[PDB]
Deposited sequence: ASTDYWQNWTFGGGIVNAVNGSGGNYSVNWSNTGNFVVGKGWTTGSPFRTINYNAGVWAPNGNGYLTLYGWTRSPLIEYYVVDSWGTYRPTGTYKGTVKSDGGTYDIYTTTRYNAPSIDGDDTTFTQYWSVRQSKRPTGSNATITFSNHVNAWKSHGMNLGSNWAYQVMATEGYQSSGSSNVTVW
């Protein structure tokens, strides 16, 4: 599918070199300081979307996430489906598990507004075509009282980095 949206949010200092490539491809190399969220995706998110991606490079040196990222309004909720990370596996209040796309994910909430997380139990292999069947996560979240808002905002396959260095190259469709 044609992604129709590119986002770079960079907070604080240091280097965050994000490149908005042709079609669904992007790259980032970083060395900060702060925090960033970079990704390609869709302007209106859907609980039904299947995200295809291929992480040609996934090389965080420290704290970084390779993750579906998006939010809803009414109410405002941020959500993540984390397929890989660096030196820190993100966690929160444990809610349950979901099996999807050949992996098992732990379900967490963090905190004011709430964030919803699915975090793969081990790092997903990268370099081959991968799918995130978002509906599996959405339905699992519902079963643990984690319901998304009614007004859907953007939805991206993102690289997030926090006070670290690294490189990623990701193609999204």
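J.: Where the model has no C-alpha, note the corresponding stretch of the deposited sequence, numbering from 1.
T.: Counting from residue 1, the one stretch without coordinates is 112-123.
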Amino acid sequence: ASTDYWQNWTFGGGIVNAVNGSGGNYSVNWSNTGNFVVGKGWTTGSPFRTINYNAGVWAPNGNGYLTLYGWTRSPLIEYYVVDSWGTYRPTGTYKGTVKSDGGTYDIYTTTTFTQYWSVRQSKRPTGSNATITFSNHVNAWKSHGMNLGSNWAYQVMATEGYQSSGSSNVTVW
From here on, numbers count along this sequence of modelled residues.
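J.: Look over 112-120 and 66-74 in the entry and identify the one with the greater average Cα temperature factor.
T.: The stretch with the larger mean CA B-factor is 112-120.
J.: By its CA B factor, does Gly13 count among the lowest, middle or highest third of the modelled residues in the chain?
T.: For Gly13, the deposited C-alpha B-factor lands in the highest third.
J.: Looking at the C-alpha B-factor of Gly21, is it in the lowest, middle or highest third of its chain?
T.: Its C-alpha B-factor, which the entry lists for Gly21, ranks in the highest third among residues of this chain.
J.: Sorting the chain's CA B-factors, does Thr87 end up in the lowest, middle or highest third?
T.: Its C-alpha B-factor, which the entry lists for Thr87, ranks in the highest third among residues of this chain.
J.: Name the third of the chain's ranked CA B-factors that contains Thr171, choosing lowest, middle or highest.
T.: As the PDB entry reports it, the C-alpha B-factor of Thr171 lands in the lowest third of its chain.
J.: Would you check the entry's CA temperature factor for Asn129 and let me know if it's in the chain's lowest, middle or highest third?
T.: Highest third of the chain for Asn129's C-alpha B-factor.
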